[PDB]
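What follows is one chain in structure tokens, specifically the form deposited in one PDB entry.
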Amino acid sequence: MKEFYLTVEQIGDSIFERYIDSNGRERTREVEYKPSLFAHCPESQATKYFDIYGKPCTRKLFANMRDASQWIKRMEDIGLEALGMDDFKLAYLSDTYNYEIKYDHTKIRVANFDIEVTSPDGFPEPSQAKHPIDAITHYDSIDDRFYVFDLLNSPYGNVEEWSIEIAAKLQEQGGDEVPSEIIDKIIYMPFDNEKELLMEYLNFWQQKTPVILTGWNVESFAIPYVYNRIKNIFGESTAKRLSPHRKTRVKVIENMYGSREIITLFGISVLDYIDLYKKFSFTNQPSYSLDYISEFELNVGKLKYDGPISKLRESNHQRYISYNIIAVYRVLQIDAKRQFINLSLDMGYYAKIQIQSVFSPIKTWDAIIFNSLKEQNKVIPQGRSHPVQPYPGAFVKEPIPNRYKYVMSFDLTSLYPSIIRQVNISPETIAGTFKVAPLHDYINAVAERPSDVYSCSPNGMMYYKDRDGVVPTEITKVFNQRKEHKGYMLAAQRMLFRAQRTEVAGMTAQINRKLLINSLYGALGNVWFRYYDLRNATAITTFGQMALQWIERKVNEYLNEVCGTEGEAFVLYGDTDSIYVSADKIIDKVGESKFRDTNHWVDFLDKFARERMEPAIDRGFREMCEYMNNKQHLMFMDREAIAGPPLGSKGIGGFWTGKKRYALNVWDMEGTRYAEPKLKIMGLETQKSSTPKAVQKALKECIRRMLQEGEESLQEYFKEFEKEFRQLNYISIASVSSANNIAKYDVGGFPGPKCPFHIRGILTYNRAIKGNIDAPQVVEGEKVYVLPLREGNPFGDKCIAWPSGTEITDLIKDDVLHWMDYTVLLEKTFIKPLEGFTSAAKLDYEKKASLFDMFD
């Protein structure tokens, strides 16, 4: 067993560490670590240490971490750089584990848990923990068990014990259907009072103290709630036992006009699964509730139940407990699929950081680079403060709103990381500047070649080509590592246990590598990264902005020569690292007529791209490279999509309403020829969570009908949809939104100045519902359905909004399902955005429409 750390904390002058020893047992140790920092010295000083600029450095070994930290402030007062890794935990980590870390996840306690708190009033604020915790389910990855803590008697009810037998039975049989996979893994524990429950849980927590602590929202609700409850009841020093080092800090987050507080538990790494998912999932969702996600990921959600959750414990304690358990299990089932915790461990051990830092691109890269330079006696720059100045970013072409029959799209691979390597952008690489011509001049090889000596970016920056930059070297290394591991995955498929084993469990390294790669430019633009430099960040994006436009010229010119046309605009759209070309003239040179079926032309274009364009492109970028005199040429484009209408149909190809707003009928993607064509829709309301369900549906149909079938097909559907609108379920045709800053406009239960339309709706609901505690209340920052109300309604206003995902209290319903203004609803959510589609694609959604309402 090669040792490896579990958690590291610096608690003034001493480092507290939890680690797995050479025998796989968990041990903990206190170390009075002595760090070393560095200062520039004269050349007379003989040293093995140099900064990234080659300047000699003296190594200063401190008595304790306090001394070190003192010297830094004292060094800041003087005016001289204080070189070295200032986050000692990392340094200490790098010293105690200088070698590749191999971890046995098996020996790492990973706890996943959830809490239940019956509350008669509103949501039980974790900062105050006013109500009893009547249920806790805590799964421990080591024992592979679900430990359940049931509160039998509470100010809110005295209930019977929970039943496994029943829990396992079908819903038909009155059971909870707790999966059989876990049924024999549940360990049940009923308590007579909360104090017993809490104190028993706390001792359990000491025996099976978590290393990694996750669950769904455990960081904003469960952990603070447990901490505060135990604290309010017993002493504060009892709550602290929740920390293996008995130290905890109250951290206050104030993001997005809010202000919440979490509890830092020294000696534990919290990875709230809802955050891991938001990060490493890369799939923006209209909701992040455990149910929605669970459904999306596993095809089933949280246990279902009747009545208000706050009434569930009395009414159905049996389900209540089972619901608690199923919630813990749902999370595990997602991780059993996405392996995010596992992905977090790989990363943390690859960079040698606290696993929690997997949430910070900066901390991660700083650590990766820090160890890379240590290994070669180099000293990292001191972190510097930097005014936050916004620099120009990605380039985006204004498209001519229109229909586009045939379209091929191309992508640049890892543009930004490529740009760093190709130009060699890094702090200790800046070699100077050059008079800057206007960007377009560069995009057209008209401006004077910036240099004969240095690598250049259009923003006037010049870099050395001889030496190797720290940043570029570091990504390249990762790029290589990615190709290494995904090189094993290639042959790791030729007793398939000695072929598949790591073939997939190993490949996931390919993943993290990719994650570092795509997060480097992010760090570089962050003023808190010790390698940030405004000039460089700007050099990276400006070069990219030149890239896309220079290649647009090249692709334009080529197709024009090839097609015997001149001045014709082929590149119809460009977005940061990709272009979309119109292939009409290329389809014509052959004549749509000469094609067997659709797959025929989809094949023609594929070849044409791979055979005639790709090389003109690589030719073009190579020229650009000689122009900027770059270190090397990493500017590689790929044919992405091939789109067009089904051969023989009257469907337009696709269309563009504006920037980031378009739709295509794609038949091929990077090579994969789909069986049926797929709609690629970007920015249209069909892709918006605020668009009423039924409507995003009919809008998607409308788009499809437009692309694949003709205009006639579209009009038929439209007519039908109006004709049938009033017959749709109201939950389906009601728009949705988020209720933020309700009271900010709540003036006596009425709308103040600038009151947003939906917030106003909320208030109308509020007033028609004031006096009832038997009516689902409109919480803050939540989500609300919104419906327009016909003129002269009893709610006294144009609209109303109630809590989403739910029906509407029979108090106001019927009256709502009577005054809702279908007309206004249809127009606002369906007809107008469609009209935006049609006007752009040059189509009508209603026969005969004076072609003139398109002028002025």
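Don't overthink the numbering: it's just position in the shown sequence, from 1.
- Modelling of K337 is complete across the other compared entries in which both of its neighbours are modelled; not even a third of them leave it out.
- For the cut-off of one third of the other compared entries, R494 qualifies: that many or more give it no coordinates while modelling its flanks.
- Counting the unmodelled positions of the deposited sequence between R494 and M495 gives a long gap of 10 or more residues.
- As recorded in the PDB entry, 278-286 is the stretch of 278-286 and 442-450 with the greater mean C-alpha temperature factor.
- 509-517 and 311-319 differ in mean CA B-factor, and the higher of the two is recorded for 509-517.
- Which of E161, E626, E640, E100 has the largest Cα B-factor in the deposited entry comes down to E100.
- As recorded in the entry, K304 carries the highest CA temperature factor of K130, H138, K304, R619.
- When all modelled residues of the chain are sorted by CA temperature factor, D466 is found within the highest third.
- When the CA B factors of the chain's modelled residues are split into thirds, the value for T838 lands in the lowest one.
- Per the PDB record, residue ranking by Cα B-factor puts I166 in the middle third of the chain.
- Sort the modelled residues of the chain by CA B factor and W528 lands in the middle third.
- The entry lists a Cα temperature factor for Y156 that places it in the lowest third of the chain's modelled residues.
Form deposited with a small molecule bound: not shown, discussed below.
- Residue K34 is the only one of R66, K34, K813, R790 with a heavy atom lying within 4.5 Å of the small molecule in the deposited bound form.
- The partner is absent here, but in the deposited bound form a heavy atom of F434, alone among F434, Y288, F750, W71, sits within 4.5 Å of the small molecule.
- Of the heavy atoms in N98, some are within 4.5 Å of the small molecule in the deposited bound form.
- The shortest heavy atom separation between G460 and the small molecule in the deposited bound form is within 4.5 Å.
- Among heavy atoms of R535, some come within 4.5 Å of the small molecule in the deposited bound form.
- Interface membership of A46, defined by any non-hydrogen atom within 4.5 Å of the small molecule in the deposited bound form, is ruled out.
- The stretch in contact with the small molecule in the deposited bound form, judged by heavy atoms within 4.5 Å, is 452-460, chosen from 624-632, 714-722, 452-460, 126-134.
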